[PDB]
Amino acid sequence: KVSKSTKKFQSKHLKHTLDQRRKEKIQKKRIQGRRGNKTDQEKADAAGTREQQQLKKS
Amino acid sequence: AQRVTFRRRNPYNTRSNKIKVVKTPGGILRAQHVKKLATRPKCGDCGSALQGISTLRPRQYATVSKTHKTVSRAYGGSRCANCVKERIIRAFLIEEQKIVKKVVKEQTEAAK
Amino acid sequence: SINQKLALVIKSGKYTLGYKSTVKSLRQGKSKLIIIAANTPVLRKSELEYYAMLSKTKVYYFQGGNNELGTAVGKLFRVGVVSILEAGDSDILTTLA
Amino acid sequence: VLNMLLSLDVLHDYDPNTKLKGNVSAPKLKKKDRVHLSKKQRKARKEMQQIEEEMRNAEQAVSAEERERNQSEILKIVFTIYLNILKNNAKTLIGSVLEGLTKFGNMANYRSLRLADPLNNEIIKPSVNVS
Amino acid sequence: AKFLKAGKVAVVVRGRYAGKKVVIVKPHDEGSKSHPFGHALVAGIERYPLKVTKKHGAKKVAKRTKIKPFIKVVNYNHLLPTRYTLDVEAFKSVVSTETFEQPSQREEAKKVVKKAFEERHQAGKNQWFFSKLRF
Ligand SMILES: [Zn+2]
C-alpha cells in the first residue's frame with residue numbers, strides 16, 4: 001500500500017523533480033567534454049604551493 | 001472508514017493545530033485538536049530535567065501549590081542535587097584557600 | 001623508579017584504587033600515602049588535598065595521567081588516585097616517595 | 001645587507017588560489033557533546049558572534065586597502081634606494097640592484113666575495129645576479 | 001589519624017539541610033542495625049541568627065538572636081568535615097542512637113541544643129559556626 005506522503009509527492013512534486021534531474025544530467029554531459037571546469041581543490045593542486053611556484057620560476 | 005477534517009479556522013497542517021480522531025458517543029468519528037505538550041523544568045546549571053517537579057504549561061503553574069513545583073532542599077526547584085553539592089563544596093574550598101592565601105600574605109609581608 | 005615500588009605494593013601490600021575508596025580510607029585513618037594522578041579533576045583534587053591535610057596523610061603527585069597511573073599499578077583500567085594502606089614488601093614509604 | 005629587500009613579500013603577487021599547508025581540524029563541535037548555556041548566555045553568544053563577523057569583515061577590508069598603500073610607499077623607497085646606489089656607481093652592488101629592479105620592476109606603475117647567501121637560495125635561482 | 005570525631009564541625013552537602021553547619025556529637029564508624037553505613041549523629045543550625053545593630057532595641061534584638069536547631073543522623077558521604085571544632089560537652093548526653101527512635105527524646109534533644117546554641121552565641125564564641133555559608 002502506497003503511503004500518503006508518497007501519493008502527495010507524486011501528485012505534486014514528481015514532474016518538476018524529474019525535469020530538474022534531467023536538466024542536471026544534460027548539463028553535466030555537456031560540461032564533461034568542455035575544458036575549463038575544475039574544482040577549487042583541483043585548481044589549488046594545479047597552482048601548487050609558494051615553494052612549488054618558486055621552483056617552477058627557476 | 002469515515003473521513004474527518006479540522007474544526008477551526010486554520011486549514012493548514014501547522015504545529016499549532018494537530019488533530020486526533022476519536023469515536024464519539026454518537027457512533028461516529030470526529031476530529032479533536034490537541035494542545036502542545038508540556039516541557040519538564042530543567043536545571044539551571046547542567047540542563048537536566050528537574051526531579052520531583054510536575055510538568056505543566058507555563059500558565060498552569062499559577063494554580064498549583066508550592067510543593068508540586070519545588071524541592072525541600074536549598075535551590076530546590078531551580079538546581080538539582082548534584083549541582084548544589086558541587087556549589088557547597090566549591091564555596092567552602094574557595095573560602096579555605098582565601099584564608100590560607102591571607103595567612104601566606106601576612107607572613108611574607110611580615111619580614112619587613 | 002616509582003613504578004617498580006607501586007607494582008611491588010600491588011603485588012604484596014595493601015591498596016585502594018579510586019576516589020571513593022581513598023576518601024573512605026582517609027576517613028578511617030588507614031592511609032599511609034596517597035598518589036594523585038595529574039589528570040584528576042580540580043575539585044576532587046582539592047577535596048583530596050583538604051582531606052589529606054585533615055588526616056595528616058602524605059601526598060605524592062604522580063607524573064602522568066590516570067591511565068598511566070593505572071598501567072603503573074598493573075591494571076588495564078584508569079585509576080585517578082591510589083591509597084597505600086600497607087607497603088608490605090616494598091619500600092615506597094621509607095624513601096619518602 | 002641590500003639583498004634583504006629582495007625578500008619583501010608585499011612586493012609579490014602569487015597565484016590567486018595558491019595551495020597552502022595541509023591544516024585539518026574539527027569543522028564543528030558535535031551536537032551531543034555541547035556544554036549547557038543559559039538563555040541569557042545563548043543570546044549573548046549570538047550577539048558576540050554577530051559583532052565578531054562584522055569585525056572580521058572590516059578587518060579584512062582595512063588590511064586589503066592598507067596593503068596597497070604600504071606597497072606603493074615601499075616601492076617608492078626601494079626604487080629611490082636602487083637609483084641612488086646606481087648614481088653612486090658602487091661596483092660591488094650592481095648585480096643586486098639589477099636583480100631587484102627586474103623582480104620589482106613589474107610591481108610599479110662573485111658569490112665568493114659575498115657572505116650570508118640570500119634566503120631560500122636553494123629555490124631562488126638568481127636571474128641577474130648569477131655567480 | 002582520624003578527623004571524624006566528637007566536636008568536629010561539618011557542612012552537610014545532601015538532604016534538606018544541605019549547606020547548613022553541624023557539629024558531630026557521636027560518630028558511628030561501623031554503623032547500626034537500622035543505619036548499616038558509616039554515619040554520625042550531628043546537631044546543626046536550621047535557621048541562623050540575624051545580625052543585630054544599634055538601631056534595633058529590646059524585643060527586636062531578642063527576636064533576631066533566636067536560633068533554630070536540628071538533630072540528624074548523617075552518612076559520612078553526605079558530610080564535608082572542616083578543620084574547626086566546637087565543644088559538645090553541654091549536649092553530648094541527649095543525642096544518642098535511642099534519641100532517634102523516640103520522638104519525645106527528639107523534642108528534648110532539640111530543646112537542649114537550642115538552649116546551648118543560644119547561650120554560646122550570646123557569649124560571643126564561635127562566630128564562624130553561627131555564620132551562614134554563601135553558596
Ligand atoms: Zn544540575
# chains A, B, ... in the order shown; residues from 1 in each chain; ligands from 1
$ residues_near_ligand --ligand "ligand 1" --cutoff "8 Å" --atoms "only C-alpha atoms and all ligand atoms" --output "PyMOL selection string"
chain B and resi 43-48+50+79-84
$ write_last_selection --atoms "N, CA and C atoms" --output "PDB file, in the first residue's frame"
ATOM      1  N   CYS B  43      17.375  21.973  34.983  1.00  0.00           N
ATOM      2  CA  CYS B  43      18.315  22.557  35.928  1.00  0.00           C
ATOM      3  C   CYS B  43      19.016  23.755  35.302  1.00  0.00           C
ATOM      4  N   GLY B  44      19.266  24.776  36.117  1.00  0.00           N
ATOM      5  CA  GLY B  44      19.889  25.987  35.621  1.00  0.00           C
ATOM      6  C   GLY B  44      21.388  25.922  35.451  1.00  0.00           C
ATOM      7  N   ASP B  45      22.012  24.808  35.826  1.00  0.00           N
ATOM      8  CA  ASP B  45      23.456  24.642  35.731  1.00  0.00           C
ATOM      9  C   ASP B  45      23.865  23.587  34.716  1.00  0.00           C
ATOM     10  N   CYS B  46      23.173  22.447  34.680  1.00  0.00           N
ATOM     11  CA  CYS B  46      23.524  21.367  33.771  1.00  0.00           C
ATOM     12  C   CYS B  46      22.463  21.070  32.724  1.00  0.00           C
ATOM     13  N   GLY B  47      21.248  21.583  32.885  1.00  0.00           N
ATOM     14  CA  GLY B  47      20.220  21.406  31.884  1.00  0.00           C
ATOM     15  C   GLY B  47      19.471  20.097  31.940  1.00  0.00           C
ATOM     16  N   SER B  48      19.679  19.290  32.973  1.00  0.00           N
ATOM     17  CA  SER B  48      18.938  18.050  33.135  1.00  0.00           C
ATOM     18  C   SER B  48      17.568  18.330  33.734  1.00  0.00           C
ATOM     19  N   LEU B  50      14.532  18.528  36.036  1.00  0.00           N
ATOM     20  CA  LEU B  50      14.437  18.556  37.488  1.00  0.00           C
ATOM     21  C   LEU B  50      13.543  17.432  37.990  1.00  0.00           C
ATOM     22  N   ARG B  79      17.825  24.191  40.877  1.00  0.00           N
ATOM     23  CA  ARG B  79      19.021  23.415  40.594  1.00  0.00           C
ATOM     24  C   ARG B  79      18.862  22.021  41.178  1.00  0.00           C
ATOM     25  N   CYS B  80      19.523  21.049  40.559  1.00  0.00           N
ATOM     26  CA  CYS B  80      19.421  19.671  41.010  1.00  0.00           C
ATOM     27  C   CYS B  80      20.348  19.432  42.200  1.00  0.00           C
ATOM     28  N   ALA B  81      20.332  18.200  42.711  1.00  0.00           N
ATOM     29  CA  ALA B  81      21.047  17.895  43.946  1.00  0.00           C
ATOM     30  C   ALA B  81      22.556  17.936  43.744  1.00  0.00           C
ATOM     31  N   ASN B  82      23.038  17.341  42.651  1.00  0.00           N
ATOM     32  CA  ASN B  82      24.475  17.279  42.414  1.00  0.00           C
ATOM     33  C   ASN B  82      25.067  18.668  42.222  1.00  0.00           C
ATOM     34  N   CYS B  83      24.362  19.544  41.506  1.00  0.00           N
ATOM     35  CA  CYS B  83      24.860  20.900  41.307  1.00  0.00           C
ATOM     36  C   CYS B  83      24.951  21.654  42.626  1.00  0.00           C
ATOM     37  N   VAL B  84      23.969  21.467  43.509  1.00  0.00           N
ATOM     38  CA  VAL B  84      24.015  22.112  44.818  1.00  0.00           C
ATOM     39  C   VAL B  84      25.186  21.576  45.634  1.00  0.00           C
TER      40      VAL B  84
END
$ select_by_dssp --residues "chain A" --states "alpha helix (DSSP H)" --output "JSON, numbers by chain"
{"A": [4, 5, 6, 7, 8, 9, 10, 11, 12, 14, 15, 16, 17, 18, 19, 20, 21, 22, 23, 24, 25, 26, 27, 28, 29, 30, 31, 32, 40, 41, 42, 43, 44, 45, 46, 47, 50, 51, 52, 53, 54, 55, 56, 57]}
$ residues_around --residues "residue E:22" --least-positions-apart "2" --cutoff "8 Å" --atoms "only C-alpha atoms" --output "number ranges by chain"
E: 9-12, 20, 24, 42-45
$ write_last_selection --atoms "N, CA, C and O atoms" --output "PDB file, in the first residue's frame"
ATOM      1  N   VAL E   9      33.366  20.131  63.436  1.00  0.00           N
ATOM      2  CA  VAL E   9      32.349  20.855  62.683  1.00  0.00           C
ATOM      3  C   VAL E   9      32.330  20.321  61.258  1.00  0.00           C
ATOM      4  O   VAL E   9      33.386  20.096  60.657  1.00  0.00           O
ATOM      5  N   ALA E  10      31.134  20.103  60.718  1.00  0.00           N
ATOM      6  CA  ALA E  10      30.975  19.613  59.359  1.00  0.00           C
ATOM      7  C   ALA E  10      29.909  20.423  58.635  1.00  0.00           C
ATOM      8  O   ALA E  10      29.082  21.104  59.252  1.00  0.00           O
ATOM      9  N   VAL E  11      29.947  20.351  57.308  1.00  0.00           N
ATOM     10  CA  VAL E  11      28.969  21.001  56.442  1.00  0.00           C
ATOM     11  C   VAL E  11      28.186  19.918  55.715  1.00  0.00           C
ATOM     12  O   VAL E  11      28.775  19.049  55.065  1.00  0.00           O
ATOM     13  N   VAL E  12      26.866  19.960  55.831  1.00  0.00           N
ATOM     14  CA  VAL E  12      26.018  18.970  55.177  1.00  0.00           C
ATOM     15  C   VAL E  12      25.900  19.323  53.702  1.00  0.00           C
ATOM     16  O   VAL E  12      25.629  20.476  53.347  1.00  0.00           O
ATOM     17  N   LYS E  20      24.045  23.625  55.472  1.00  0.00           N
ATOM     18  CA  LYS E  20      23.969  24.045  56.861  1.00  0.00           C
ATOM     19  C   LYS E  20      25.143  23.480  57.648  1.00  0.00           C
ATOM     20  O   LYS E  20      25.706  22.440  57.299  1.00  0.00           O
ATOM     21  N   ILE E  24      29.482  17.332  65.117  1.00  0.00           N
ATOM     22  CA  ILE E  24      29.358  15.896  65.336  1.00  0.00           C
ATOM     23  C   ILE E  24      29.352  15.621  66.832  1.00  0.00           C
ATOM     24  O   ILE E  24      30.223  16.100  67.567  1.00  0.00           O
ATOM     25  N   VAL E  42      24.582  14.349  64.479  1.00  0.00           N
ATOM     26  CA  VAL E  42      25.026  15.732  64.420  1.00  0.00           C
ATOM     27  C   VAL E  42      23.933  16.637  64.961  1.00  0.00           C
ATOM     28  O   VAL E  42      22.740  16.322  64.891  1.00  0.00           O
ATOM     29  N   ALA E  43      24.358  17.776  65.500  1.00  0.00           N
ATOM     30  CA  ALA E  43      23.466  18.857  65.896  1.00  0.00           C
ATOM     31  C   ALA E  43      23.872  20.094  65.114  1.00  0.00           C
ATOM     32  O   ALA E  43      25.019  20.538  65.208  1.00  0.00           O
ATOM     33  N   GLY E  44      22.946  20.638  64.326  1.00  0.00           N
ATOM     34  CA  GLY E  44      23.259  21.711  63.407  1.00  0.00           C
ATOM     35  C   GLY E  44      22.253  22.843  63.491  1.00  0.00           C
ATOM     36  O   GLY E  44      21.272  22.777  64.234  1.00  0.00           O
ATOM     37  N   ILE E  45      22.514  23.874  62.693  1.00  0.00           N
ATOM     38  CA  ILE E  45      21.687  25.078  62.684  1.00  0.00           C
ATOM     39  C   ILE E  45      20.779  25.048  61.463  1.00  0.00           C
ATOM     40  O   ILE E  45      21.257  24.943  60.328  1.00  0.00           O
TER      41      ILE E  45
END
$ residues_around --residues "residue D:12" --least-positions-apart "4" --cutoff "10 Å" --atoms "only C-alpha atoms" --output "list in words"
residues 7, 8, 71, 103, 104, 106 and 107 of chain D
$ residues_around --residues "residue B:31" --least-positions-apart "4" --cutoff "10 Å" --atoms "only C-alpha atoms" --output "PyMOL selection string"
chain B and resi 3-7+18-24
$ closest_atom_pairs --of "chain C" --to "chain E" --cutoff "8 Å" --atoms "only C-alpha atoms" --output "Markdown table"
| residue | atom | partner | partner_atom | distance |
| --- | --- | --- | --- | --- |
| C:26 | CA | E:2 | CA | 7.8 |
| C:27 | CA | E:2 | CA | 6.1 |
| C:28 | CA | E:2 | CA | 6.1 |
| C:29 | CA | E:1 | CA | 4.9 |
| C:30 | CA | E:1 | CA | 7.8 |
| C:54 | CA | E:3 | CA | 6.4 |
| C:55 | CA | E:1 | CA | 5.2 |
| C:56 | CA | E:1 | CA | 6.7 |
$ write_last_selection --atoms "N, CA and C atoms" --output "PDB file, in the first residue's frame"
ATOM      1  N   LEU C  26      40.841   7.449  54.029  1.00  0.00           N
ATOM      2  CA  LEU C  26      41.294   8.668  54.692  1.00  0.00           C
ATOM      3  C   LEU C  26      40.447   8.966  55.919  1.00  0.00           C
ATOM      4  N   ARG C  27      39.128   8.796  55.802  1.00  0.00           N
ATOM      5  CA  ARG C  27      38.249   8.977  56.951  1.00  0.00           C
ATOM      6  C   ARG C  27      38.559   7.971  58.047  1.00  0.00           C
ATOM      7  N   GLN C  28      38.808   6.716  57.679  1.00  0.00           N
ATOM      8  CA  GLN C  28      39.139   5.685  58.652  1.00  0.00           C
ATOM      9  C   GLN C  28      40.575   5.771  59.151  1.00  0.00           C
ATOM     10  N   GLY C  29      41.392   6.653  58.580  1.00  0.00           N
ATOM     11  CA  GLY C  29      42.745   6.841  59.063  1.00  0.00           C
ATOM     12  C   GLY C  29      43.700   5.708  58.769  1.00  0.00           C
ATOM     13  N   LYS C  30      43.407   4.885  57.768  1.00  0.00           N
ATOM     14  CA  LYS C  30      44.237   3.733  57.447  1.00  0.00           C
ATOM     15  C   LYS C  30      45.194   3.984  56.289  1.00  0.00           C
ATOM     16  N   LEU C  54      43.623  17.223  56.714  1.00  0.00           N
ATOM     17  CA  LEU C  54      42.906  16.890  57.942  1.00  0.00           C
ATOM     18  C   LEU C  54      43.444  15.613  58.575  1.00  0.00           C
ATOM     19  N   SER C  55      43.721  14.597  57.762  1.00  0.00           N
ATOM     20  CA  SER C  55      44.137  13.294  58.259  1.00  0.00           C
ATOM     21  C   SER C  55      45.648  13.140  58.353  1.00  0.00           C
ATOM     22  N   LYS C  56      46.413  14.162  57.965  1.00  0.00           N
ATOM     23  CA  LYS C  56      47.873  14.132  58.031  1.00  0.00           C
ATOM     24  C   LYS C  56      48.438  12.951  57.241  1.00  0.00           C
TER      25      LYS C  56
END
$ interface_residues --of "chain D" --to "chain B" --cutoff "10 Å" --atoms "only C-alpha atoms" --output "ChimeraX atom specification"
/D:35-39
$ residues_around --residues "stretch 14-17 of chain E" --least-positions-apart "5" --cutoff "7 Å" --atoms "only C-alpha atoms" --output "JSON, numbers by chain"
{"B": [72, 73, 74, 85], "E": [46, 78]}
$ write_last_selection --atoms "C-alpha atoms" --output "PDB file, in the first residue's frame"
ATOM      1  CA  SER B  72      12.618  20.957  50.162  1.00  0.00           C
ATOM      2  CA  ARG B  73      16.390  21.289  49.679  1.00  0.00           C
ATOM      3  CA  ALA B  74      18.119  24.616  49.078  1.00  0.00           C
ATOM      4  CA  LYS B  85      26.547  19.680  46.289  1.00  0.00           C
TER       5      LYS B  85
ATOM      6  CA  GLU E  46      18.499  25.232  60.604  1.00  0.00           C
ATOM      7  CA  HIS E  78      26.910  13.375  52.888  1.00  0.00           C
TER       8      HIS E  78
END
$ residues_around --residues "residue B:88" --least-positions-apart "4" --cutoff "7 Å" --atoms "only C-alpha atoms" --output "MDAnalysis selection string"
(chainID B and resid 84 92) or (chainID E and resid 13 19 135)
$ interface_residues --of "chain D" --to "chain A" --cutoff "12 Å" --atoms "only C-alpha atoms" --output "ChimeraX atom specification"
/D:9,12-22,103,120-127
